[PDB]
Amino acid sequence: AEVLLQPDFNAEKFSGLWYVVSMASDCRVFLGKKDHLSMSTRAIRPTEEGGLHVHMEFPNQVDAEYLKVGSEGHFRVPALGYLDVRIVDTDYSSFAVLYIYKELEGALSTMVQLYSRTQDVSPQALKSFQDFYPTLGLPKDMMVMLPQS
């Protein structure tokens with residue numbers, strides 16, 4: 001169930017506004033509130049040492065610093081308990097698939113998020129996400145298509 005970083009990750013092209021449009025996770029907290037969640041935004045700017053500063057908005061506002069780990073596109077986010085974040089696939093102009101390994105009150109879980117440059121998810125964006133999350137052992141029952149708030 002290999003999670004390989006997309007090569008030559010470019011933080012400047014990854015900057016700007018994204019919508020979280022789909023999610024899949026074995027996190028019991030996520031699974032409990034799955035159908036109550038709504039689409040949210042991630043507004044990104046690149047920082048020094050190849051990191052990202054992410055302004056999250058949930059129509060509450062949370063900021064998070066994505067710190068570079070082993071290479072470009074590989075991050076850790078102490079503010080959110082994300083131990084490992086990998087940008088798996090992105091075309092920079094319409095979508096991105098993120099892999100997250102996180103800790104929440106001692107529980108370790110896997111999460112996959114689909115970013116879109118708009119509220120509408122293109123069939124290409126959806127195909128990349130739907131082909132990817134089952135490879136991690138995550139069934140369709142652990143996936144949600146986020147509605148607009």
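In its metadata, the entry names X-ray crystallography as the structure determination method and reports 1.63 Å as the resolution.

### Details of the overall build of the chain
The helix and strand inventory of the chain stands at two helices and nine strands. For the chain, the α and β elements follow one another from N to C terminus as β-α-β-β-β-β-β-β-β-α-β. What you see for the chain is a C-alpha radius of gyration of 14 Å, in line with the 15 Å of a compact globule of 149 residues. C-alpha extents for the chain along the principal axes are approximately 40 × 35 × 35 Å.

### Considerations on unusual backbone geometry
For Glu 49, which is not a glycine, the phi torsion comes out positive at approximately 65 degrees. Counting through the fold element by element, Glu 49 comes out in the loop between β2 (40-46) and β3 (52-57). A positive phi angle, close to 65 degrees, is found at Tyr 92, a residue other than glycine. With respect to the secondary-structure elements, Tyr 92 resides in the loop between β6 (82-90) and β7 (95-104). With relative accessibility at 14%, the residue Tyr 92 sits in the buried group.

### Things to note about the environment of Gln 148
With respect to the helices, strands and loops of the structure, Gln 148 is situated in the segment after β9 (143-145). Remark: the alpha-carbon pair of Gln 148 and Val 121, spanning 27 residues in sequence, is separated by 12 Å. Filtering out sequence-adjacent residues up to four positions away, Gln 148 remains in contact with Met 39 and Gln 119.

### A closer look at the environment of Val 97
Of note, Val 97 is situated in strand β7. Once you skip the residues sitting within four places of it in the chain, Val 97 turns out to touch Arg 86, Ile 87, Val 88, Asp 89, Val 112, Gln 113, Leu 114, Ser 128, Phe 129 and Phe 132.

### A word on the packing of aromatic side chains
All chains considered together, the criterion is met by eight aromatic pairs. Measuring from centroid to centroid gives 5.8 Å for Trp 18 and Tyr 115, while their planes differ by 45 degrees, and the two rings are tilted. Classification of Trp 18 by relative accessible area gives buried; the value is 0%. Under the relative-accessibility criterion, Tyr 115 is labelled buried at 1%. Taken together, the aromatic side chains of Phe 9, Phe 14, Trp 18, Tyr 66, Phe 75, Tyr 92 and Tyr 115 make up a single cluster linked through ring pairs. Stacked on the ring of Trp 18, the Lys or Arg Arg 117 has its end atom at 3.7 Å from the ring centre.

### Thoughts on the pairing of strand β1 (residues 16-25)
Most of β1 sits inside the fold, with eight of its ten residues counted as buried. Note that β1 and β2 share five bridges and pair antiparallel. The partner of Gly 16 across the bridge, within β2, is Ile 44. Pairing geometry for β1 and strand β8 (residues 107-116), over six bridges, is antiparallel.

Conventions used here
Residues numbered from 1 in each chain as written, not as in the entry; some residues may be left out. Heavy atoms only, no water. Residues with missing side-chain atoms left out of burial classes, pairs and counts. Helix = DSSP H or I, 4+ residues; strand = E, 2+ residues; numbered from the N terminus. Rg over C-alpha atoms; globule rule 2.2 N^0.38 Å. Buried < 20%, exposed > 50% of the residue type's maximum accessible area, 1.4 Å probe, protein only. Contact = heavy atoms within 4.5 Å. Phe/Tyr/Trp six-rings, centres within 6.5 Å; stacked < 30°, edge-to-face > 60°. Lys NZ or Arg CZ within 6 Å of the ring centre and 35° of its normal. Pairing = 2+ DSSP bridges.

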